[PDB]
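*Asks:* Sequence unavailable; structure follows:
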């Protein structure tokens, strides 16, 4: 055989590609704290996986978010892990009603990572958590502005 | 030195995976091909993210394939997690309870139906073996491949 081309569904993730300056607000702190980070996403493995590197020079944290389309499951997979020991597997049914939401169970609840496109150089990520049944509690907000 | 910080150190369970670390010449045999096929690859495993994840690169230049195997310890599940993906669209999620009876078995469902087992054993300080198996329904494990990795760095 020949190398299978990356799935057409990866178009749904093209908005992530490039180097971004990330301005974040952390709502889990009271009062809410703010800072900056670099969120740089590249295409890897011939387009079969998009790999975001998150560098928060402030908390000396480096994280990775690997995102793929899983045809057998008809959903996107998102695998996050960092050098503070955090690790989460999220899944997303895809874009619906202006949002791209990654959800999974976690141990620190339900976690939701909701992406939104603003324009050609700006996207937003909003993180939420949910206990028991209850409602979504905002956890952070990250405004990403493209540099390259 | 003992300078430290507030980021947590990597789990001590990652010591169970230190045998993978470094650059290895991999001699593989594929039992699912008929007749069985053989070749050589490079399996290079690095410590990444301050020890919290080990990242094995599998380069099979003869098949123009590059794969990645990311392994972590998941304390909440008392298990290792293994995330495999490559530039051919394959992707599998595997888990392991750790060393048992001289083998380290990562098992999971399917690939990119069946169950899959990736089983590691140590031969000596520069030589480990990986044996891949597949199981259909509730039968036995069927040998799928065998890889001898010899450390060059």
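*Replies:* Cool, got the structure. Numbering: from 1, shown residues only, chains lettered A, B, ... in the order given.
*Asks:* Now the element after the longest strand along chain A, going C-ward?
*Replies:* Secondary structure of chain A per DSSP state E: the longest strand is strand A:33-44. Once strand A:33-44 ends, the next helix or strand along the chain (criterion: DSSP states H and E) is strand A:49-56.
*Asks:* Tell me the buried residues in that next one?
*Replies:* A:49-52, A:54, A:56 (16 or more other C-beta atoms under 10 Å in any protein chain shown). The way it works is simple: take the backbone N, C-alpha and C, and place the C-beta from them, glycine included.
*Asks:* between the residues you listed, which is nearest chain B?
*Replies:* residue A:49 (5.7 Å; C-beta to the nearest C-beta).
*Asks:* Just give the closest residue to the closest one, not the sequence neighbours.
*Replies:* residue A:68 (4.9 Å; C-beta to C-beta, 6 or more residues apart in numbering or on different chains).
*Asks:* and what of residue A:125?
*Replies:* Nearest residue to residue A:125 in three dimensions, chain neighbours excluded: residue A:142, at 4.5 Å (C-beta to C-beta, 6+ apart).
*Asks:* now the helix or strand hosting the one you found: how far from the chain's centre is it?
*Replies:* Under the criterion of DSSP H and E, residue A:142 resides in strand A:137-146. Relative to its chain's centre, strand A:137-146 lies at 10 Å (C-alpha atoms, centre = their mean, to the nearest Å).
*Asks:* Next up, the contacts around the residue nearest to residue A:125.
*Replies:* Residues counted as contacts of residue A:142 (C-beta atoms under 8 Å, 6 or more residues apart in numbering or on different chains) are A:22-25, A:37, A:39, A:124-127.
*Asks:* Would you mind giving those residues as CSV with distance to residue A:112, secondary structure and neighbour count added?
*Replies:* Shown next, in CSV, are the contacts of residue A:142 (distance: C-beta to C-beta, whole Å; DSSP: H, G, I helix; E, B strand; the rest coil; neighbours: other C-beta atoms under 10 Å in any protein chain shown):
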residue, distance to residue A:112, secondary structure, neighbour count
A:22, 18, strand, 20
A:23, 20, strand, 15
A:24, 16, strand, 21
A:25, 16, strand, 16
A:37, 20, strand, 20
A:39, 18, strand, 24
A:124, 14, strand, 16
A:125, 11, strand, 21
A:126, 8, strand, 20
A:127, 7, strand, 19
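*Asks:* Just the closest of those residues to residue A:111, please.
*Replies:* Ranked by distance to residue A:111 (C-beta to C-beta), the contacts of residue A:142 are led by residue A:127 at 7.3 Å.
*Asks:* what comes up buried for the strand holding residue A:142?
*Replies:* By neighbour count with 16+ other C-beta under 10 Å, strand A:137-146 contains the buried residues A:138-144, A:146.
*Asks:* Just want the angle from that strand to strand A:49-56.
*Replies:* Relative orientation of strand A:137-146 versus strand A:49-56 (axes from the mean of the first three to the mean of the last three C-alpha atoms, to 10 degrees): 100 degrees.
*Asks:* Chain B contacts on chain A?
*Replies:* Within chain A, the positions adjacent to chain B are A:3-4, A:6-7, A:45-46, A:48-49, A:60-62, A:64, A:66, A:68, A:70, A:72, A:77, A:79, A:81-85, A:87, A:89, A:107 by C-beta under 8 Å from any C-beta of the partner chain.
*Asks:* List only those of the residues you listed flagged as buried.
*Replies:* In those, burial by neighbour count holds for A:6-7, A:45-46, A:48-49, A:61-62, A:64, A:66, A:68, A:70, A:77, A:79, A:81-85, A:87, A:89, counting by 16+ other C-beta under 10 Å.
*Asks:* So residue A:84 belongs to a strand, correct?
*Replies:* No. The assignment for residue A:84, made by DSSP: H, G, I helix; E, B strand; the rest coil, is coil rather than a strand.
*Asks:* How about it: what's its closest non-neighbour residue?
*Replies:* Counting by C-beta to C-beta, 6+ apart, residue B:7 is the residue found nearest to residue A:84 once chain neighbours are left out, at 5.3 Å.
*Asks:* where does that neighbour fall, phi/psi-wise?
*Replies:* Here is the backbone geometry of residue B:7 (degrees, to the nearest 10): phi -70, psi 140.
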